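The analysis underlying the following values was restricted to heavy atoms, covering all of them including side chains, and did not include hydrogens, waters or symmetry mates. Just so it is clear: chains get the letters A, B, ... in the order the sequence lines come, proteins before strands, and each one is counted from 1.
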There are 6 protein chains.
Amino acid sequence: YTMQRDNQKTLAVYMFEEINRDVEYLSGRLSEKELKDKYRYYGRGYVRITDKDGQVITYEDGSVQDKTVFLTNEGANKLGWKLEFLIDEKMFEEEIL
Amino acid sequence: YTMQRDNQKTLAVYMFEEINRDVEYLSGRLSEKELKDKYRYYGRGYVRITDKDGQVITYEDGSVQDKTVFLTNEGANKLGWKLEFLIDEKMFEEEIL
Amino acid sequence: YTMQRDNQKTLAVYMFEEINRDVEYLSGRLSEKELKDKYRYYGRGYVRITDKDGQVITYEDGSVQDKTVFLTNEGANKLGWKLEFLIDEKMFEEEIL
Amino acid sequence: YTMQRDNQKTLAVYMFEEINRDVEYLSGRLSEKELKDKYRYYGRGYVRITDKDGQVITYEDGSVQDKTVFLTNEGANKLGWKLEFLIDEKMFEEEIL
Amino acid sequence: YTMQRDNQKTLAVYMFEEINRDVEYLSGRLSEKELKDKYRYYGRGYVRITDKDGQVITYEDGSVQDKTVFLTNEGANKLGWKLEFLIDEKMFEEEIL
Amino acid sequence: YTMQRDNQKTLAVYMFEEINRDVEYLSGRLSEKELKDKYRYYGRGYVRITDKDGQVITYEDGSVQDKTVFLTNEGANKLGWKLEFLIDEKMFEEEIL
Ligand SMILES: [K+]
Ligand SMILES: [K+]
Ligand SMILES: [K+]
């Protein structure tokens, strides 16, 4: 067990508990199509952290071509990092239909 | 704007705030390389949600070739959903090196 | 100052912080009308707590004429309390229009 | 299901989980009078958001005459909003006895 | 830096943020003595974790002579751990005076 | 029941729920030595709040000689408070072996 692993654990557990808590309440109210549509993209987004000189800190793979920057945080980070939140373009494509 | 977008916005802001707060406190103590290392995989993990009949709810594209399941939640979800948290196998490979 | 006041203070600050943070991020993307619409009913919902013998614990004045129960929690509370979350029926009426 | 509804859901669930978690711990320790007195006003407070020109964004009804501003947030919101947290005057009247 | 250190850092930052936020809101309303009184024991409580075989997991030095168990959690932990929250008996002594 | 007690309750419950949630996930994955080593010092750290004139607001006892300042917050508090987070020196001594 390492710090990196414990940090991943904390994100995972955040998401697990949110998903389970939500379902406990919404299952009767929303249809299956509704709840499944709600969770389709949940958690799929990631932050690309770019350092102050343009060097990407976040590990990325070839997938990135199919992702779209949805939200941006700039000028807030004390090391001059830029944070971009990227989600599947497929989500926007399905919304448009 | 939609509910889905707002949900994405909530995950985004959670991670933007976490990253910026941490950097504010750790900046002095850790080296840039140490913080970069800390954030290399931060937020790259995602959940794969499977319903009780084995049908995947989460959008999936590409392959899980280079992914590994870090954590699983089963038996907790009201709908019988299984939740798996997947991360880059590269992270684990790099821990070896 | 009392415990009750401090509890009220905690709910207050939670909502003040949520509103201000959201506005900070969404300001650019959404129109003022869109954000106003988003916040029209934000925090107007309240809980009505009923004990296991049907006696209401929450202060109530006025009438529930123009309220609707949006969400209920039963069978979870250690004391056998039932919890109902009530919101303005106007919100739902306006969703129709 | 809409964004507005999901947002209400998030407030409701916050309150439900807090109330139930608290009761799980305090029921043995506090008397019934104690815990019921603690929850009498819990969640009844709301924020009145006023825009930068004096126009109230929050929906309000006639009830407002029986409410009292307990806490105020000003100069923090990036759209120049003023946030006022209002609770039943009845709470202050009962404290004074 | 280690996982243990990072965990300590997370508890630290939680309390730093809580203290500073509260002071920001309560500063005007309460007197310095009132806020000082509020924070006299804030964060001095600690948990003692005992495994199912009665062996203490938490580091302990000194004595519990002048401590009191304020809250206990049993029967909830997957490993059969018992959790006790210990605070200065002085706090309770001062509430009498 | 007083505000001070309710505030202690909130810290206690935060820690209890974190410890139990973590164990629910990590017990299978980490060894007993691992999880027990993780929790050895958890919650043992405290904040020493010093007012703007050098007067310590936090109650402290003789124990303090065996504690070490791990993290510091300065210049953020609106009353000019200094916050120092102190942990057992024993933790650092065990890390070094
Ligand atoms: K992700
Ligand atoms: K309310
Ligand atoms: K502590």
Go through the atoms of [X] and report whether side chain, backbone, both or neither lie under 4.5 Å from a heavy atom of chain A.
X: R21(B); result: neither
X: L83(B); result: both
X: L35(B); result: both
X: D37(B); result: backbone
X: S63(B); result: neither

Which atoms of [X] approach chain B - backbone, side chain, both or neither, heavy atom under 4.5 Å:
X: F70(A); answer: side chain
X: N73(A); answer: both
X: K90(A); answer: side chain
X: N7(A); answer: side chain
X: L71(A); answer: both
X: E60(A); answer: both

Self-check item: Side-chain donor/acceptor of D53(B) to backbone N/O of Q55(B), under 3.5 Å
Solution: no

Quiz item: Is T58(B) reaching over with its side chain to a backbone N or O of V47(B), donor-acceptor style, under 3.5 angstrom?
Solution: yes

Quiz item: Is the number of heavy atoms from other residues, nucleotides or ligands within 6.0 Å of CG (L97(B)) greater than 12?
Solution: yes

Exercise. Count the heavy atoms belonging to other residues, nucleotides or ligands that lie under 6.0 Å from CD of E32(B), then report whether that count exceeds 12.
Key: no

What's the spacing between [X] [atom1] and [Y] [atom2] if we round to 0.5 Å?
X: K33(B); Y: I57(A); atom1: NZ; atom2: CD1; value: 10.0 Å
X: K67(B); Y: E89(B); atom1: NZ; atom2: CD; value: 11.0 Å
X: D22(B); Y: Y42(B); atom1: CG; atom2: OH; value: 8.5 Å
X: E94(A); Y: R40(A); atom1: CD; atom2: CZ; value: 4.0 Å

Considering only heavy atoms and a distance below 4.5 Å, find which of [options] pairs most often with chain B.
options: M3(A), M91(A), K78(A), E18(A); result: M91(A)
options: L79(A), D66(A), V13(A); result: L79(A)
options: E24(A), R5(A), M15(A); result: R5(A)

Self-check item: Side-chain heavy atoms of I87(B) within contact of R44(B), under 4.5 Å
Solution: yes

Quiz item: Quick one: of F85(B), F16(B), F92(B), who has the most non-hydrogen atom pairs under 4.5 Å with chain A?
Solution: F16(B)

Exercise. Select, from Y59(B), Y46(B), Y14(B), the one with the greatest count of heavy-atom pairs under 4.5 Å involving chain A.
Key: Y59(B)

Exercise. Identify whether the distance between the nearest side-chain nitrogen and carboxylate oxygen of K82(B) and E74(B) falls below 4.0 Å.
Key: no

